[PDB]
Amino acid sequence: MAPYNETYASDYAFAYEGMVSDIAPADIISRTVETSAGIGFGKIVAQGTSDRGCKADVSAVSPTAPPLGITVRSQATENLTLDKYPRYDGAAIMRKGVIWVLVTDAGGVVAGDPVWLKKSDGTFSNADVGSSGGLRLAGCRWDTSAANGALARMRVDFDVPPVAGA
Amino acid sequence: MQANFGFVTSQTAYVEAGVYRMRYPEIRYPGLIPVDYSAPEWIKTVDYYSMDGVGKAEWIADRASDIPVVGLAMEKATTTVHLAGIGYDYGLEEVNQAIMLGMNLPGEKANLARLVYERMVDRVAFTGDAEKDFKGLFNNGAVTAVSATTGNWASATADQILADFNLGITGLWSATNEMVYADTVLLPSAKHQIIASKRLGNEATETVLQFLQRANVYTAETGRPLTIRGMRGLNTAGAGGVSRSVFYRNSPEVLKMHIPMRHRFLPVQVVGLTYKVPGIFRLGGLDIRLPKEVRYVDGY
Amino acid sequence: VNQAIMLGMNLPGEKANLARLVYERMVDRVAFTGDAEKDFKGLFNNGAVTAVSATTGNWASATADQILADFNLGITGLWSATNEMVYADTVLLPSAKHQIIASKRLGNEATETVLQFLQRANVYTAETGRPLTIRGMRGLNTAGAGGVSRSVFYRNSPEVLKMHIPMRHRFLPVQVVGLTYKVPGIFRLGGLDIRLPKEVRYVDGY
Amino acid sequence: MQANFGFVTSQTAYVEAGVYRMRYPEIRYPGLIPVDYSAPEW
Amino acid sequence: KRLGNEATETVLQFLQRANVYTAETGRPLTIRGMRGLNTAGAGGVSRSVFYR
Amino acid sequence: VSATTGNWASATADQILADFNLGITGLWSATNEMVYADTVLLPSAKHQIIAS
């Protein structure tokens with residue numbers, strides 16, 4: 001009977017942090033979490049050192065060492081970390097479907113835009129940062145107009161090599 | 001006065017039939033607070049759940065495959081329970097001197113112990129004790145209290161009375177983003193008298209309480225009736241020692257009191273010509289869950 | 001799903017109910033507003049109907065004379081806009097304004113009857129004997145020209161408004177792909193259609 | 001609001017049977033807009 | 001339109017039983033609303049017609 | 001207790017009603033809100049003033 005965090009919303013929300021939207025194709029890949037803390041749901045991941053592991057640290061990704069994919073919302077995750085994949089757990093990375101993610105940009109994004117990754121934190125945006133600290137995920141595009149700090153769905157394809165931007 | 005337990009009657013005297021017991025105020029917490037007793041007798045906490053779903057609808061085409069999906073989430077919350085008790089005792093020759101006068105001393109003590117138990121439950125329900133932090137209905141600190149529109153209701157005309165009364169219902173309605181209506185109103189008894197004894201005009205001879213029944217916002221928008229009650233402890237419960245009135249919905253889903261154990265007497269004990277009967281009772285406090293459906297108005 | 005039976009939750013069965021709920025939500029949103037993707041103009045924002053302002057009426061600090069004049073302005077305007085041929089049957093008002101009307105007395109010290117005396121003395125109920133229906137809605141708070149409240153007067157007949165819904169929400173069998181059960185569900189409807197635009201009238205500024 | 005299908009309970013605790021579903025406004029289209037279902041499905 | 005500022009049990013169409021014609025005699029008066037009278041006046045103003 | 005500034009000559013009806021209900025409310029509140037007054041004994045002259 002818990003009425004806390006009641007906002008009396010006009011209508012239903014759109015999605016959650018890492019939920020997918022149904023479509024026939026999806027590469028979902030099982031990896032093992034390597035970071036000491038968990039990994040959030042809609043997040044980018046790099047290639048681990050365990051030959052099948054992944055890390056949440058993408059500060060050193062390059063066109064030669066591209067990022068691995070994006071985690072998905074699992075909803076059965078050990079109930080000790082709130083919404084995360086705990087250490088030593090199947091990660092369920094996705095690299096082909098359409099997924100809801102979080103926007104980090106001042107002016108927001110619109111339907112068809114490039115997707116730029118900020119290597120410092122691992123956040124998605126519309127344009128390059130400008131100090132050799134951003135990559136462009138070459139095969140990727142948005143699918144929703146959204147403001148700053150809101151959820152937008154994007155279409156992703158990680159087999160296309162990334163592009164470095166200074 | 002005199003606890004000597006016996007009296008002397010005179011040859012030349014007249015005696016009235018029956019004894020007069022001192023009066024105490026009525027009990028006033030049935031029907032105004034939802035309580036339950038289904039909790040097991042020895043519990044420490046109570047839990048309850050909530051959940052919210054999410055989704056969107058999109059335009060599909062033939063031979064396509066992309067259809068939008070829905071989602072879920074959940075939450076949990078808890079409350080506590082505590083223990084208290086009262087019981088009586090008596091000596092040997094006291095009860096024996098009692099029985100030969102046809103009195104039944106043990107019964108007279110059990111009756112009054114039930115009475116004082118009910119009194120304790122009332123005080124916990126409607127107020128707080130500041131020992132177990134059992135916030136009551138009249139002083140809960142998580143609901144919103146607003147001041148009246150300059151209304152003292154003495155030397156105030158009927159327009160101000162009606163505006164002040166409807167202010168609370170409208171404010172509660174706007175606070176919940178226009179979804180729920182206040183269902184019950186609790187006023188200090190003095191203000192209830194002021195309303196019930198003031199007329200509506202020289203040509204409209206009728207009380208402000210007889211017209212307000214069928215013309216308040218709640219009974220005008222919908223067809224259901226509104227219930228107005230005058231209470232006893234609201235004379236000075238406000239912010240600066242001023243009258244307070246409460247508007248709320250009165251559903252088991254907004255307020256809740258748990259009483260796992262009502263009141264029990266334990267087997268008698270004997271020590272040195274005495275008889276001790278311990279009575280214990282264990283009940284948790286009042287829980288206001290939906291705090292946006294209870295409204296305080298001060299200054300009437 | 002094999003894990004949410006351990007707690008007795010019935011996950012697949014909880015989703016179909018909420019899908020039907022969001023279904024009805026979508027139908028409502030299409031019926032009463034517009035999406036600007038298929039150009040389905042709604043009832044509250046159709047651009048072919050005439051929208052006039054109120055006669056200097058705010059309905060807060062406004063006496064009963066202004067309230068009555070403003071309310072009957074819509075009916076008389078609908079009568080004058082179709083060359084004196086048709087009558088408004090139904091009125092939709094913002095809910096706060098409905099409160100203001102239902103609570104405020106008739107400006108009387110004599111009997112203090114409510115303004116819903118309008119129920120028996122409006123133009124429509126006066127010329128004829130038929131009653132008038134007044135409702136309070138939800139999305140009319142800022143639907144006006146400059147972000148102000150809007151109210152609607154119309155006739156409520158199947159020859160003025162029409163919405164076709166040939167097929168209702170159904171569910172299709174379950175597709176299984178690599179430890180994931182994908183389940184579709186479809187429906188089909190047609191946008192709202194205002195055939196007589198002179199039989200719908202907008203009054204802003206109440 | 002979390003998404004884990006799990007909460008840690010205790011032995012000395014009484015979990016209530018019901019669940020509170022978050023409220024949303026009513027539907028309000030039936031009775032104001034004439035709709036028909038007579039046309040063929042496709 | 002209403003009748004009083006404040007005591008208003010009836011509409012202005014009490015005119016039906018308090019006009020000069022229905023006051024001096026007992027016969028009723030017939031009032032009609034027409035269509036072509038919106039601008040028939042001298043300078044394009046409304047015109048009303050009284051006749052027998 | 002004394003009345004609330006009421007003489008009942010050159011006093012309007014509001015003062016009369018307030019003074020009359022003052023006794024009933026005061027008696028009720030003195031018994032801790034448990035019993036009301038059943039009978040009122042007024043001097044005959046004041047009863048005339050009220051009844052006229």
# chains A, B, ... in the order shown; residues from 1 in each chain; ligands from 1
call {"tool": "interface_residues", "arguments": {"of": "chain C", "to": "chain A", "cutoff": "8 Å", "atoms": "only C-alpha atoms", "output": "ChimeraX atom specification"}}
result
/C:22,25,182
call {"tool": "residues_around", "arguments": {"residues": "residue 91 (chain A)", "least_positions_apart": "4", "cutoff": "9 Å", "atoms": "only C-alpha atoms", "output": "mmCIF file with N, CA and C atoms, in the first residue's frame"}}
result
data_model
loop_
_atom_site.group_PDB
_atom_site.id
_atom_site.type_symbol
_atom_site.label_atom_id
_atom_site.label_comp_id
_atom_site.auth_asym_id
_atom_site.auth_seq_id
_atom_site.Cartn_x
_atom_site.Cartn_y
_atom_site.Cartn_z
ATOM 1 N N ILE A 29 24.171 -11.282 -26.198
ATOM 2 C CA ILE A 29 25.410 -12.001 -25.955
ATOM 3 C C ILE A 29 25.641 -12.115 -24.457
ATOM 4 N N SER A 30 26.048 -13.301 -24.025
ATOM 5 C CA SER A 30 26.292 -13.580 -22.618
ATOM 6 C C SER A 30 27.752 -13.296 -22.289
ATOM 7 N N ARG A 31 27.983 -12.322 -21.411
ATOM 8 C CA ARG A 31 29.316 -12.010 -20.920
ATOM 9 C C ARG A 31 29.295 -12.053 -19.401
ATOM 10 N N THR A 32 30.481 -12.086 -18.809
ATOM 11 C CA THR A 32 30.635 -12.110 -17.363
ATOM 12 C C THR A 32 31.146 -10.764 -16.872
ATOM 13 N N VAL A 33 30.482 -10.225 -15.861
ATOM 14 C CA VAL A 33 30.795 -8.902 -15.336
ATOM 15 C C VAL A 33 32.123 -8.955 -14.600
ATOM 16 N N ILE A 39 27.207 -3.321 -13.010
ATOM 17 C CA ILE A 39 27.057 -2.542 -14.230
ATOM 18 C C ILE A 39 25.580 -2.219 -14.401
ATOM 19 N N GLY A 53 34.802 -11.721 -20.589
ATOM 20 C CA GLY A 53 34.330 -10.767 -19.613
ATOM 21 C C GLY A 53 34.114 -9.393 -20.209
ATOM 22 N N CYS A 54 33.490 -8.530 -19.417
ATOM 23 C CA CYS A 54 33.247 -7.158 -19.819
ATOM 24 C C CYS A 54 33.461 -6.230 -18.635
ATOM 25 N N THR A 71 24.291 -3.298 -22.374
ATOM 26 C CA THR A 71 23.565 -4.226 -21.520
ATOM 27 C C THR A 71 22.059 -3.989 -21.622
ATOM 28 N N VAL A 72 21.282 -4.984 -21.191
ATOM 29 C CA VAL A 72 19.829 -4.898 -21.251
ATOM 30 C C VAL A 72 19.254 -5.147 -19.863
ATOM 31 N N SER A 74 17.373 -6.822 -17.103
ATOM 32 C CA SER A 74 17.157 -8.251 -16.901
ATOM 33 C C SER A 74 16.016 -8.572 -15.950
ATOM 34 N N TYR A 85 23.976 -5.535 -12.768
ATOM 35 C CA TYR A 85 24.472 -6.903 -12.879
ATOM 36 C C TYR A 85 25.614 -7.056 -11.888
ATOM 37 N N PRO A 86 25.474 -7.877 -10.855
ATOM 38 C CA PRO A 86 26.533 -7.993 -9.854
ATOM 39 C C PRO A 86 27.797 -8.580 -10.459
#
call {"tool": "select_by_dssp", "arguments": {"residues": "region 6-235 of chain B", "states": "strand (DSSP E or B)", "output": "NGL selection string"}}
result
:B and (35-36 or 45-51 or 54 or 71 or 74-80 or 82-85 or 88-91 or 144-147 or 184-188 or 199 or 207 or 227-231)
call {"tool": "write_last_selection", "arguments": {"atoms": "C-alpha atoms", "output": "short mmCIF file (atom, residue, chain, number, x, y, z; two decimals), in the first residue's frame"}}
result
data_model
loop_
_atom_site.label_atom_id
_atom_site.label_comp_id
_atom_site.auth_asym_id
_atom_site.auth_seq_id
_atom_site.Cartn_x
_atom_site.Cartn_y
_atom_site.Cartn_z
CA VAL B 35 -8.62 -0.87 12.28
CA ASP B 36 -7.93 -4.56 11.75
CA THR B 45 6.47 -5.40 11.66
CA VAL B 46 3.93 -5.12 8.84
CA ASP B 47 4.76 -4.99 5.13
CA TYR B 48 2.86 -3.82 2.06
CA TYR B 49 3.65 -3.64 -1.64
CA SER B 50 3.03 -1.39 -4.64
CA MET B 51 3.81 -1.51 -8.35
CA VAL B 54 4.71 1.37 -18.26
CA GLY B 71 7.29 -3.00 -18.40
CA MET B 74 7.71 -2.70 -7.52
CA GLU B 75 8.23 -1.33 -3.99
CA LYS B 76 7.71 -2.35 -0.35
CA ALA B 77 7.18 -0.57 2.99
CA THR B 78 6.92 -1.49 6.69
CA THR B 79 5.52 -0.47 10.11
CA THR B 80 5.97 -1.69 13.72
CA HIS B 82 4.59 -2.48 20.56
CA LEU B 83 3.40 -3.91 23.90
CA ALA B 84 1.68 -2.56 27.04
CA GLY B 85 -0.59 -3.75 29.84
CA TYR B 88 -5.55 -5.58 39.03
CA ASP B 89 -4.92 -7.16 42.43
CA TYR B 90 -6.64 -7.49 45.79
CA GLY B 91 -6.07 -8.81 49.28
CA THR B 144 -0.12 19.69 4.55
CA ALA B 145 -1.66 22.31 6.82
CA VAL B 146 -2.87 25.58 5.29
CA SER B 147 -4.39 28.65 6.88
CA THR B 184 -15.19 13.19 5.61
CA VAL B 185 -14.69 16.46 7.47
CA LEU B 186 -13.80 16.78 11.16
CA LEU B 187 -14.48 20.17 12.77
CA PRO B 188 -14.06 21.39 16.35
CA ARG B 199 -29.06 31.05 9.45
CA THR B 207 -28.98 26.80 8.71
CA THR B 227 -20.31 13.43 6.37
CA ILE B 228 -19.49 16.21 8.84
CA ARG B 229 -18.51 15.48 12.43
CA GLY B 230 -17.62 17.66 15.41
CA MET B 231 -14.68 16.47 17.50
#
call {"tool": "residues_around", "arguments": {"residues": "residue 13 (chain A)", "least_positions_apart": "6", "cutoff": "9 Å", "atoms": "only C-alpha atoms", "output": "MDAnalysis selection string"}}
result
chainID B and resid 53:56
call {"tool": "residues_around", "arguments": {"residues": "region 154-170 of chain C", "least_positions_apart": "3", "cutoff": "10 Å", "atoms": "only C-alpha atoms", "output": "PyMOL selection string"}}
result
(chain C and resi 16+19-20+23-24+27+31+43+74-75+78+86-92+184-202) or (chain D and resi 31-42)
call {"tool": "closest_atom_pairs", "arguments": {"of": "chain D", "to": "chain B", "cutoff": "6 Å", "atoms": "only C-alpha atoms", "output": "JSON lines"}}
result
{"residue": "D:1", "atom": "CA", "partner": "B:74", "partner_atom": "CA", "distance": 5.3}
{"residue": "D:2", "atom": "CA", "partner": "B:73", "partner_atom": "CA", "distance": 5.4}
{"residue": "D:3", "atom": "CA", "partner": "B:73", "partner_atom": "CA", "distance": 4.9}
{"residue": "D:12", "atom": "CA", "partner": "B:44", "partner_atom": "CA", "distance": 5.6}
{"residue": "D:13", "atom": "CA", "partner": "B:45", "partner_atom": "CA", "distance": 4.6}
{"residue": "D:14", "atom": "CA", "partner": "B:46", "partner_atom": "CA", "distance": 4.7}
{"residue": "D:15", "atom": "CA", "partner": "B:47", "partner_atom": "CA", "distance": 4.4}
{"residue": "D:16", "atom": "CA", "partner": "B:48", "partner_atom": "CA", "distance": 5.3}
{"residue": "D:19", "atom": "CA", "partner": "B:49", "partner_atom": "CA", "distance": 5.2}
{"residue": "D:20", "atom": "CA", "partner": "B:50", "partner_atom": "CA", "distance": 4.7}
{"residue": "D:21", "atom": "CA", "partner": "B:51", "partner_atom": "CA", "distance": 5.7}
{"residue": "D:22", "atom": "CA", "partner": "B:52", "partner_atom": "CA", "distance": 5.8}
call {"tool": "interface_residues", "arguments": {"of": "chain E", "to": "chain C", "cutoff": "12 Å", "atoms": "only C-alpha atoms", "output": "PyMOL selection string"}}
result
chain E and resi 1-13+32-36+38
call {"tool": "write_last_selection", "arguments": {"atoms": "N, CA and C atoms", "output": "mmCIF file, in the first residue's frame"}}
result
data_model
loop_
_atom_site.group_PDB
_atom_site.id
_atom_site.type_symbol
_atom_site.label_atom_id
_atom_site.label_comp_id
_atom_site.auth_asym_id
_atom_site.auth_seq_id
_atom_site.Cartn_x
_atom_site.Cartn_y
_atom_site.Cartn_z
ATOM 1 N N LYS E 1 -32.113 36.040 -20.032
ATOM 2 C CA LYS E 1 -31.655 36.984 -19.028
ATOM 3 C C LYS E 1 -32.493 36.874 -17.764
ATOM 4 N N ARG E 2 -31.833 37.112 -16.646
ATOM 5 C CA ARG E 2 -32.412 37.022 -15.323
ATOM 6 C C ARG E 2 -33.171 38.318 -15.041
ATOM 7 N N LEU E 3 -33.942 38.344 -13.956
ATOM 8 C CA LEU E 3 -34.822 39.483 -13.710
ATOM 9 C C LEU E 3 -34.318 40.465 -12.667
ATOM 10 N N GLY E 4 -33.917 40.008 -11.490
ATOM 11 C CA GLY E 4 -33.424 40.915 -10.479
ATOM 12 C C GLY E 4 -31.912 40.890 -10.438
ATOM 13 N N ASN E 5 -31.353 41.852 -9.712
ATOM 14 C CA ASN E 5 -29.949 41.733 -9.357
ATOM 15 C C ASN E 5 -29.731 40.505 -8.492
ATOM 16 N N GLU E 6 -30.634 40.256 -7.543
ATOM 17 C CA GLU E 6 -30.384 39.196 -6.594
ATOM 18 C C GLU E 6 -31.545 38.249 -6.324
ATOM 19 N N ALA E 7 -32.789 38.717 -6.313
ATOM 20 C CA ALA E 7 -33.926 37.836 -6.052
ATOM 21 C C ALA E 7 -34.554 37.575 -7.413
ATOM 22 N N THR E 8 -34.316 36.376 -7.933
ATOM 23 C CA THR E 8 -34.474 36.108 -9.354
ATOM 24 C C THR E 8 -35.138 34.775 -9.645
ATOM 25 N N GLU E 9 -36.250 34.475 -8.995
ATOM 26 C CA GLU E 9 -36.916 33.201 -9.208
ATOM 27 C C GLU E 9 -37.365 32.991 -10.647
ATOM 28 N N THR E 10 -37.524 34.060 -11.420
ATOM 29 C CA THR E 10 -38.110 33.968 -12.746
ATOM 30 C C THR E 10 -37.278 34.734 -13.763
ATOM 31 N N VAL E 11 -37.500 34.388 -15.028
ATOM 32 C CA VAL E 11 -36.778 34.937 -16.167
ATOM 33 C C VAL E 11 -37.463 36.229 -16.590
ATOM 34 N N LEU E 12 -36.809 37.011 -17.452
ATOM 35 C CA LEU E 12 -37.388 38.270 -17.905
ATOM 36 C C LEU E 12 -38.675 38.058 -18.698
ATOM 37 N N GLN E 13 -38.939 36.833 -19.140
ATOM 38 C CA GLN E 13 -40.155 36.598 -19.899
ATOM 39 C C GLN E 13 -41.403 36.533 -19.016
ATOM 40 N N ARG E 32 -42.417 36.442 -31.414
ATOM 41 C CA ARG E 32 -41.738 35.567 -32.353
ATOM 42 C C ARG E 32 -40.346 36.101 -32.640
ATOM 43 N N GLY E 33 -39.424 35.185 -32.916
ATOM 44 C CA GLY E 33 -38.079 35.527 -33.338
ATOM 45 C C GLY E 33 -37.895 35.185 -34.808
ATOM 46 N N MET E 34 -37.541 36.195 -35.591
ATOM 47 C CA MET E 34 -37.451 36.078 -37.037
ATOM 48 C C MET E 34 -35.992 35.998 -37.467
ATOM 49 N N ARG E 35 -35.778 35.942 -38.781
ATOM 50 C CA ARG E 35 -34.451 35.690 -39.327
ATOM 51 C C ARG E 35 -33.838 36.870 -40.065
ATOM 52 N N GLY E 36 -34.625 37.657 -40.788
ATOM 53 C CA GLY E 36 -34.043 38.688 -41.627
ATOM 54 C C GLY E 36 -33.948 40.068 -41.009
ATOM 55 N N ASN E 38 -31.693 41.246 -38.668
ATOM 56 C CA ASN E 38 -30.450 41.542 -37.960
ATOM 57 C C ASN E 38 -29.912 42.923 -38.304
#
call {"tool": "residues_around", "arguments": {"residues": "region 208-214 of chain B", "least_positions_apart": "3", "cutoff": "8 Å", "atoms": "only C-alpha atoms", "output": "MDAnalysis selection string"}}
result
chainID B and resid 158 162 195:200 219:220 225:226
call {"tool": "write_last_selection", "arguments": {"atoms": "N, CA and C atoms", "output": "short mmCIF file (atom, residue, chain, number, x, y, z; two decimals), in the first residue's frame"}}
result
data_model
loop_
_atom_site.label_atom_id
_atom_site.label_comp_id
_atom_site.auth_asym_id
_atom_site.auth_seq_id
_atom_site.Cartn_x
_atom_site.Cartn_y
_atom_site.Cartn_z
N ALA B 158 -21.98 34.66 6.10
CA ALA B 158 -22.15 33.32 5.54
C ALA B 158 -21.26 33.08 4.33
N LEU B 162 -18.92 29.73 3.90
CA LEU B 162 -18.98 28.78 2.80
C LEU B 162 -17.66 28.71 2.04
N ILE B 195 -21.93 26.68 12.85
CA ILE B 195 -22.54 26.41 11.55
C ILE B 195 -23.99 25.95 11.72
N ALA B 196 -24.25 25.06 12.67
CA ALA B 196 -25.58 24.48 12.81
C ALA B 196 -26.59 25.43 13.40
N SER B 197 -26.17 26.57 13.95
CA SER B 197 -27.10 27.51 14.56
C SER B 197 -27.19 28.84 13.83
N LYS B 198 -26.35 29.08 12.82
CA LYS B 198 -26.41 30.31 12.05
C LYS B 198 -27.30 30.13 10.83
N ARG B 199 -28.13 31.13 10.56
CA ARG B 199 -29.06 31.05 9.45
C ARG B 199 -28.40 31.57 8.17
N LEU B 200 -29.08 31.36 7.05
CA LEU B 200 -28.53 31.67 5.74
C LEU B 200 -28.95 33.04 5.23
N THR B 219 -20.69 16.89 -2.94
CA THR B 219 -22.05 16.44 -3.23
C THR B 219 -22.62 17.10 -4.47
N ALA B 220 -22.00 18.16 -4.97
CA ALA B 220 -22.46 18.80 -6.20
C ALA B 220 -21.87 18.12 -7.43
N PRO B 225 -23.29 11.58 -0.59
CA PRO B 225 -23.36 12.54 0.51
C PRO B 225 -22.02 12.72 1.20
N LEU B 226 -21.89 13.86 1.88
CA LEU B 226 -20.72 14.20 2.67
C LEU B 226 -21.07 14.03 4.14
#
call {"tool": "decode", "arguments": {"residues": "region 13-24 of chain D", "atoms": "N, CA and C atoms", "output": "compact mmCIF listing (two decimals), in the first residue's frame"}}
result
# COMPACT_ATOMS: atom_id res chain seq x y z
N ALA D 13 7.53 -10.63 10.79
CA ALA D 13 6.93 -9.60 9.95
C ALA D 13 5.70 -10.18 9.27
N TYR D 14 4.65 -9.37 9.17
CA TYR D 14 3.39 -9.79 8.56
C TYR D 14 3.20 -9.00 7.27
N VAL D 15 3.32 -9.69 6.14
CA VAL D 15 3.15 -9.07 4.84
C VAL D 15 1.67 -9.06 4.49
N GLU D 16 1.15 -7.88 4.15
CA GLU D 16 -0.26 -7.75 3.80
C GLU D 16 -0.55 -8.46 2.48
N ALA D 17 -1.79 -8.90 2.33
CA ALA D 17 -2.16 -9.71 1.17
C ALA D 17 -2.31 -8.87 -0.09
N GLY D 18 -2.86 -7.67 0.02
CA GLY D 18 -3.15 -6.89 -1.16
C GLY D 18 -1.94 -6.15 -1.70
N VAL D 19 -2.08 -5.66 -2.93
CA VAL D 19 -1.08 -4.84 -3.59
C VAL D 19 -1.76 -3.60 -4.13
N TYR D 20 -1.16 -2.43 -3.89
CA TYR D 20 -1.71 -1.17 -4.38
C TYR D 20 -1.17 -0.83 -5.76
N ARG D 21 -2.09 -0.71 -6.72
CA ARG D 21 -1.77 -0.30 -8.07
C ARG D 21 -1.93 1.20 -8.21
N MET D 22 -0.92 1.83 -8.79
CA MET D 22 -0.86 3.27 -8.95
C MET D 22 -2.03 3.71 -9.84
N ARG D 23 -2.64 4.84 -9.50
CA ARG D 23 -3.89 5.25 -10.15
C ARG D 23 -3.62 6.15 -11.34
N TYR D 24 -4.50 6.07 -12.33
CA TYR D 24 -4.47 6.90 -13.52
C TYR D 24 -5.88 7.40 -13.82
